[PDB]
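Data block below; observations after.
With ideal geometry, Cβ positions are generated from the backbone for all residues, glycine too; neighbour counts draw on all protein chains shown. Derivation of every value follows stated rules applied to the coordinates shown; laboratory data play no part.
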Amino acid sequence: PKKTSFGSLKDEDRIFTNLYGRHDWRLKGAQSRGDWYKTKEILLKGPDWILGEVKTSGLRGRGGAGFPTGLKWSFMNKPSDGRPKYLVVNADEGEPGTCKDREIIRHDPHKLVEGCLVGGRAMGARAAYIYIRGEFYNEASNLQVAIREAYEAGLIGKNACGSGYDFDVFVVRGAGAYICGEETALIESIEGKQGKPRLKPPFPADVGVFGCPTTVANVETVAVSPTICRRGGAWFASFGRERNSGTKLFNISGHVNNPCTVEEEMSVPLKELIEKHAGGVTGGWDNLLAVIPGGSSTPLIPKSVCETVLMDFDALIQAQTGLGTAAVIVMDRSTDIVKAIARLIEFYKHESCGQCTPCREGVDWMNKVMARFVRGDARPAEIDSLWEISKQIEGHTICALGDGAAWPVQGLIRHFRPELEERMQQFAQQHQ
Amino acid sequence: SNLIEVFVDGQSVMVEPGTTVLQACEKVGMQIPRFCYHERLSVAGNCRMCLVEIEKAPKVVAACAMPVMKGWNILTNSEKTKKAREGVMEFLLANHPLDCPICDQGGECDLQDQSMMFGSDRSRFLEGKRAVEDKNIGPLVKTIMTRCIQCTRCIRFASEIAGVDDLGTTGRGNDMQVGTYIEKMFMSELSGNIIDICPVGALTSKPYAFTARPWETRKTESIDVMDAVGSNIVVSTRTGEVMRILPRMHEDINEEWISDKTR
Amino acid sequence: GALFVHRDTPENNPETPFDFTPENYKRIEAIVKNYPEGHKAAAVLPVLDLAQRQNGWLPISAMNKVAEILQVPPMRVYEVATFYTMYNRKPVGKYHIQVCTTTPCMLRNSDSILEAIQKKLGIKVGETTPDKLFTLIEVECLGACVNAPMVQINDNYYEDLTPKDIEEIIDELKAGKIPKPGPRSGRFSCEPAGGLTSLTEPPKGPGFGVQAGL
Amino acid sequence: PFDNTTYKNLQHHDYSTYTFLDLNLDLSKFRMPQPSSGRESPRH
Ligand SMILES: Cc1cc2nc3c(=O)[nH]c(=O)nc-3n(C[C@H](O)[C@H](O)[C@H](O)COP(=O)(O)O)c2cc1C
Ligand code: SF4
Ligand code: SF4
Ligand code: SF4
Ligand code: FES
Ligand code: FES
Ligand SMILES: [K+]
């Protein structure tokens, strides 16, 4: 068999079945859809069995880095010393174009809470701190209420699910910072400091929050793990190509008729995703210009690549981009493609933490140059200068925010160079 | 039996566990360029000037922070190492003010000297530069903070050596500033020592302001008599006049600090 | 404000009066007990935000107080206060309007939403009306991209806006009403407009699809 | 009665300035005793 075509996920194979909040999000409704079912049996299997299901499912981090979750969660499966261990759920979701983690929190809070317990059990963690951006004040409150219902029901807290395992789930609100979504910068924010990433090593599995073994995992990665244990790793691994398994939450925004969050199979064609769910590109497929396929951090691709690209980690890598958060942004032919990307570099210049030189000075530099390419106020040689600057930033910074400031620039220079050189021509003839 | 073997430019050197890539290079006499790293402060790893290539690894590592692993071959002069330094120096100098003639650091400036040895010889920055407010932290240390390179040495020293948590960073991104936020004087018996660790003219000696240049001073190694510690000092003279007092390193006595009364 | 240095003024100085109300001391105690003993500093962000919720903005005397309660050096609270953007170091209006203008919202005409507010209120971006009832600023992505263009006022999201809808929302706020948050177009959340393409079947109850051995 | 037509997450239209921090105070009785580093703070 090995279905070589993907998509058309059936409503019975969807995990986040309350994505649209048309069913009750509280505990009573959640249990009616499968949540908190046989959780005691899962916990009594143990961490080795749980980590077995995560590995077999081929689940990969949904936070944008896309690492193998099963291998990542296994660094915490080591004998303890004097320190406690923690699970940090990353609910920051600051990436432009991304809004999937918001839905999970306010429409399926109990899936996240059960993921924390199951995931925390696998890693030997004594508690889970859920870090949710400060702007999501109503979504955090919903989660805080669901946390109360779980406490009162014996599902978490002392003797969680009756399994003799003690677990805590804390909610901590951010205070406004896209950089706190970075795993180490999140930890420093929980500890009460500025959200500035740490250098690695040490790795959070060895030295994390409060100086203790920690694993930082995305909201979506945690939220699906209990289902993978109930339904098995093999079921999850039955979707998508090889090394690209599972369902995936997609946001489709920008210039589509029906912007929407939606669940769909991994490795579905990008066109099929946009057309069937989002209602097509505004003004028809032939009005398409370029798509940012995974939030601002990833390079944009043109209409030619968009014809036959699949939405998975490896298919987009060979397109010179990345799946990222899978936040598809569509830009139609009326968009000022230079001005769209200039506003992204302005976003990064506003988010850089300032800690390390290449991004503190470089991204601010690329912002000034892009501001001029929008007006055409430059000469063509500055395009290759901007390319070189972006390479001096990439791979030289402390964290990946620097890399994600460069890739938008490299995408624009890679595919729309004539657009840049064309706009420089007009400014010259007008002023000379 | 615990020492592991690593290579610097192919040359074997036996180091103990926990030694960083920067410290293993010192053992073969190679000094890696640095700004934020200071051997008596906590590692920071933010300036990025110590980036070095490791053979068979696609990504440069920070030499001041990275622990060295067994069998690594540190390429301190490869093209990737040299392009890393060139790029980092370009970012440091992009917003730095053209102050060298009026800046007291001139002639003994690590930003100047490492730009000559590891940086490019020209600029491709065509924008307008950043400018920063000047702070008032007391009558001993003059601040010209547009020259600051955000190495955070002064913050770390004040916290860890001086035991004063009054220096920090306010703001974010490019306009991240070093200071006290409020109008506070960094009055401390050891406060003058932030003039020396500061690798640029951002912090300079207010009493010393404008009087001399480093190349014209004669260095006399002597001792301090303001107290009984006997800190080792250097007396800087120029044409028969005493110009300033500097620390002289002595591990067993004052390390590389002196008190404000000695200075 | 725009500057990350504090100059004392008659309205914002260390002697400016601030203090938590006794209920807020109960709230702090619960906050601090969320972290290991010996790591009270982890409460700086929540407790500092509790000062802003009680007072509306963070005067220098509020940060000085949070330093006393948590026993962290004041400079470490000034660092936190100026790093994060949700903290107000200058007084704002009663309703703080925050229009998102990053690319996904920009692509869907977030500009017109911004022009309507300015015409509707008579101020430019970043200003405070003479009423002291409205403050306007652009912000970065707010995590509601698929519902662009959107604004946040205080703690609530008003989504799928148009120039008409935002003018109505201010009309209510001026009138003293409490406008309902959420999209203003016709849909309720993030589902596609004009119908659903997924989650149309009733979900499967507990026990479904569970592998053997459980 | 299976109604896939009406929005149901409507509790958040009444949340207030202290909704989040009131709940955190309300959960305080359920939590386990926090671990200790052995010292009152890093500066001790
Ligand atoms: C600037 C920056 C912002 C990030 N923001 C998020 C985020 O909002 N949510 C998230 O899950 N991961 C974010 N990440 C990725 C995290 O660092 C980390 O990879 C993730 O939390 C791991 O989750 P996962 O393994 O479950 O995918 C960000 C990374 C960077 C560099
Ligand atoms: S790359 Fe940017 S955000 Fe990341 S640590 Fe360096 S300065 Fe901070
Ligand atoms: S700090 Fe160094 S490079 Fe900068 S102006 Fe002074 S002497 Fe010149
Ligand atoms: S003032 Fe000097 S020591 Fe302090 S951060 Fe700036 S350059 Fe470094
Ligand atoms: S000396 Fe290593 S980054 Fe500064
Ligand atoms: S771009 Fe405005 S909410 Fe994301
Ligand atoms: K100096």
Suppose we filter B:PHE118, B:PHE91 for residues that are aromatic (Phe, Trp, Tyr), surrounded by 14 or more Cβ atoms within 10 Å (Cβ to Cβ) and under 16 Å from the mean Cα position of the chain (by Cα); which single one remains?
B:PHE118
Check whether at least one residue in segment B:133-140 is touching a residue at least 24 places away in the same chain (Cβ under 8 Å), under 30 Å from B:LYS261 (Cβ atoms) and of a type in the set (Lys, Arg), and report yes or no.
yes
For residues that are of a type in the set (A, V, I, L, M, F, W, C) and within 16 Å of ligand 2 (Cβ to nearest atom), tally how many sit in segment A:204-219.
1
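So which strands (runs of 3 or more DSSP E) stay within segment B:130-239 end to end and still have 2 or more residues that are surrounded by 17 or more Cβ atoms within 10 Å (Cβ to Cβ) and out of contact with any helix residue (DSSP H, G or I) (no Cβ under 8 Å at 6 or more places or on another chain)? Before you say what the answer is, go through the steps one by one.
On the way: elements: B:141-143, B:168-170, B:177-179, B:203-205, B:218-223, B:232-238.
Here the list reads B:141-143, B:232-238.
So which residues in segment B:60-79 are within 14 Å of chain A (Cβ to nearest Cβ) and either out of contact with any strand residue (DSSP E or B) (no Cβ under 9 Å at 6 or more places or on another chain) or crowded, with 17+ Cβ neighbours inside 10 Å (or both)?
Initially, segment B:60-79 is screened for residues within 14 Å of chain A (Cβ to nearest Cβ), giving B:60-69, B:72, B:79.
Matches in segment B:60-79: B:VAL60, B:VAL61, B:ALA62, B:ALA63, B:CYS64, B:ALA65, B:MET66, B:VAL68, B:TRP72.
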Top-ranked residue of segment A:1-57 - restricted to ones that are surrounded by fewer than 17 Cβ atoms within 10 Å (Cβ to Cβ) and among the hydrophobic types (A, V, I, L, M, F, W, C), ranked as farthest from the chain's Cα centre (by Cα):
A:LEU44
Looking at A:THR335, A:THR261, which one is within 13 Å of chain C (Cβ to nearest Cβ) and surrounded by fewer than 22 Cβ atoms within 10 Å (Cβ to Cβ)?
A:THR335
Counted residues, segment A:393-406 - those being of a type outside the set (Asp, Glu) and surrounded by fewer than 22 Cβ atoms within 10 Å (Cβ to Cβ)
2
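Just the residues that are without any contact (Cβ under 8 Å) to a residue 40 or more places away in the chain and touching a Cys at 6+ places or on another chain (Cβ under 6 Å), please, taken from segment B:147-171. Before you say what the answer is, go through the steps one by one.
Initially, segment B:147-171 is screened for residues without any contact (Cβ under 8 Å) to a residue 40 or more places away in the chain, giving B:155, B:158-159, B:162-171.
Within segment B:147-171, B:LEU167 is the sole residue that qualifies.
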In segment A:143-170, which residues are surrounded by fewer than 24 Cβ atoms within 10 Å (Cβ to Cβ), free of Cβ contacts under 8 Å to residues at least 60 places away in the same chain and not in a loop (DSSP other than H, G, I, E, B)?
A:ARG148, A:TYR151, A:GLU152, A:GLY157, A:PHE170
So for segment D:13-31 (the condition being more than 24 Å from A:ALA128 (Cα to Cα), in contact with a helix residue (DSSP H, G or I) (Cβ under 8 Å, 6 or more places away or on another chain) and more than 7 Å from chain C (Cβ to nearest Cβ)), does at least one residue qualify?
yes
Residue under question is B:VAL178, and the condition is that it be away from ligand 1 (no atom under 16 Å from the Cβ), under 21 Å from C:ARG7 (Cα atoms) and in contact with a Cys (Cβ under 7 Å, 6 or more places away or on another chain); does it hold?
yes
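Considering only segment B:34-50, I want to know if a residue exists there that is more than 16 Å from ligand 4 (Cβ to nearest atom) and either aromatic (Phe, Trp, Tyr) or within 20 Å of the chain's Cα centre (by Cα) (or both). Before you say what the answer is, go through the steps one by one.
At the first step, the residues of segment B:34-50 found to be more than 16 Å from ligand 4 (Cβ to nearest atom) are none.
Checked segment B:34-50: no residue is more than 16 Å from ligand 4 (Cβ to nearest atom) and either aromatic (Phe, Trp, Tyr) or within 20 Å of the chain's Cα centre (by Cα) (or both).
Determine, yes or no, whether B:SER188 is among the hydroxyl-bearing types (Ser, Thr, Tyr) and under 27 Å from B:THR146 (Cα atoms). Before the answer, list the steps.
Numbers: among the hydroxyl-bearing types (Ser, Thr, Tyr): yes; under 27 Å from B:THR146 (Cα atoms): yes.
Against the criterion (among the hydroxyl-bearing types (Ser, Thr, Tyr) and under 27 Å from B:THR146 (Cα atoms)), B:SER188 qualifies.
Tell me which helices (runs of 4 or more DSSP H) are completely within segment C:52-137 and hold 2 or more residues being buried (at least 23 other Cβ atoms within 10 Å of the Cβ), within 16 Å of ligand 1 (Cβ to nearest atom) and within 14 Å of chain B (Cβ to nearest Cβ), or say none if there are none.
Working: elements: C:60-70, C:74-83, C:103-107, C:110-121.
Output list is empty.
Please pick out the residue among A:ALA175, A:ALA140 that is within 11 Å of chain C (Cβ to nearest Cβ) and assigned to a helix (DSSP H, G or I).
The conditions single out A:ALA140.
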